[PDB]
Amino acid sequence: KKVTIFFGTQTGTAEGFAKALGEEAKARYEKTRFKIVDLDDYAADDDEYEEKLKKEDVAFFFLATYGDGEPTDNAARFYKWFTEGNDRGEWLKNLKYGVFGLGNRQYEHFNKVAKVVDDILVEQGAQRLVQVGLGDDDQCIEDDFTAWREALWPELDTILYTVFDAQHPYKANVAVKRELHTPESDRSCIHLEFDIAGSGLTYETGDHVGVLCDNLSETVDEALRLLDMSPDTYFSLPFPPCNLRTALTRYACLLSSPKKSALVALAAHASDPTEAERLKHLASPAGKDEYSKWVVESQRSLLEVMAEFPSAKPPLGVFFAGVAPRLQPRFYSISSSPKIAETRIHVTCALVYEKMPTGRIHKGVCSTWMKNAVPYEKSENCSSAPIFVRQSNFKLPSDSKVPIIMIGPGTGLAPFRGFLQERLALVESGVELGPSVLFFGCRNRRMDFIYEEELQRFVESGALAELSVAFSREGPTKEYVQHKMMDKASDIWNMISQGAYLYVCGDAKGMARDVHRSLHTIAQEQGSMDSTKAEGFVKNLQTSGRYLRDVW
């Protein structure tokens, strides 16, 4: 019998509990083999989650809930596969499980993520070993952990041609690199095309493309200063061996905020006892509000923190394990369709450039690379990058007559450009299209209306029926996609009634929530149902697979 322990965490508490449970369960049942898994590492795509989760015997889930009841970033992909378009009957009958939830009762959606995953698991056949844990952070979450653990043992005691992917990427030339905003814009959105002619690399409309990126050299220089060793230091340690400068450039996530366990790791190698104690304090329960404020809210990079604690000098083995997380690929919603762009993968990338609360100037590692990438046109020598394709569920209905409702302001437009290229190639070939509507949004006609002429052409060909555009900064007044949806509330409801698919893409924190509320509001007023029923209605659309979100 196996035991796998999954975690979804941001600051590291859920991960700490998962390590703790494993260590202690290994004491009790010294024969059975355990495994601690980050949910993002567990599977590359949905097909992989499926093939793996069925082979499970015992599984514990440590899920922390964030912003408006959503999953952490490292579990968002697992969460979407498991809770949306998720009607798969009882396929987990061989599974034994328990889920402890990391939450905070001060929030509207207390332990939402843990509750949702827990309910579905039993609905789909798996067997509860323990009731769902409901730890809240405004009280003592550790105390709820031990109670949950104590509840678990009684039941646990009597139970115990190439594939291109992130490890083998394809090296693609940058064929096209183009600013989508006008010169007047204070921001930037890059249109970029990767050349895949002859590669064997394949993609579908709505898939994602992963791009491997290096830290900027300014970032590496500073990390080199803090570690205080030569750039050419060779070391053991699981990425392939290289010098220190290379490791920092390619495998070290340096600009993210340190998890509590990273603070603990630094503290074990801090020379000054008051620095060791302060780091430990910041990692401890007593230092929780300090951690939340000084680290998480201020968005302090690892490099800032290490600078504040000059005596923390971790060995390279510790630094590349528990201090600096692995540098991740960045994913982009492919903004082309294979039927039009057969030999190129199109990308729509917003430049990340922001002043952090500390005054630190953050340049996005990947988007800054794309901003500076050299295309064929200017080329004597173009840029290139290692890429791979990841399948997703953000797909057009098989039946092109089914109505489609697309909501994507800003960069959220990306995969819809792919939706429209695909529909365009369909309609040029005789296939009939059903109704279509796109809610788009930007700041200003004279700055921000990306792909404006292509959108005109899509209306012009019948790939898209109507285009609605919301302008947030053209003068005194301010409109958003929420307001345009409300104006067309009746049309939207009628489309849902006729079986429409709903798609939302773009900003997760702001837009997606407001768009979500509007659907509930539309369902209540156009559907003549109270608030509770409409939430039932909207949730039904999600589990059915007719309300799809690609947000970040």
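Note that residue numbering begins at 1 and tracks the sequence as displayed.
* Which class describes the count of deposited residues lacking coordinates between residue 382 and residue 383: none, 1 to 3, 4 to 9, or 10 or more? -> Gap size class: none, per the record.
* Deposited-sequence gap flanked by residue 237 and residue 238 -> Gap size class: 10 or more residues without coordinates, per the record.
* Asked: Comparing 409-417 with 307-315, where is the mean C-alpha B-factor higher?
  -> Result: 307-315.
* As stated in the PDB record, which stretch has the larger average Cα B-factor, 205-213 or 178-186? -> The stretch with the larger mean CA B-factor is 178-186.
* Asked: Highest CA temperature factor in the entry: which of 38, 514, 507, 491?
  -> Answer for 38, 514, 507, 491: 38, with the highest C-alpha B-factor.
* **Maximum C-alpha temperature factor, selected from 198, 475, 434, 98** => Highest CA B-factor of the listed options: 98.
* For residue 388, does the deposited CA B-factor place it in the lowest, middle or highest third of the chain? -> As the PDB entry reports it, the C-alpha B-factor of residue 388 lands in the lowest third of its chain.
* To do: Looking at the entry's B-factor column for C-alpha atoms only, identify whether residue 398 ranks in the lowest, middle or highest third of its chain.
  => According to the entry, residue 398 has a C-alpha B-factor in the chain's middle third.
* Taking the C-alpha B-factors as the PDB entry records them, is residue 502 in the lowest, middle or highest third of its chain? -> Lowest third, going by the recorded CA B-factors of the chain.
* If you rank every modelled residue in this chain by C-alpha B factor, which third holds residue 329: lowest, middle or highest? -> Lowest third, going by the recorded CA B-factors of the chain.
* Considering only modelled residues of the same chain, in which third does the CA B-factor of residue 374 rank: lowest, middle or highest? -> Lowest third.
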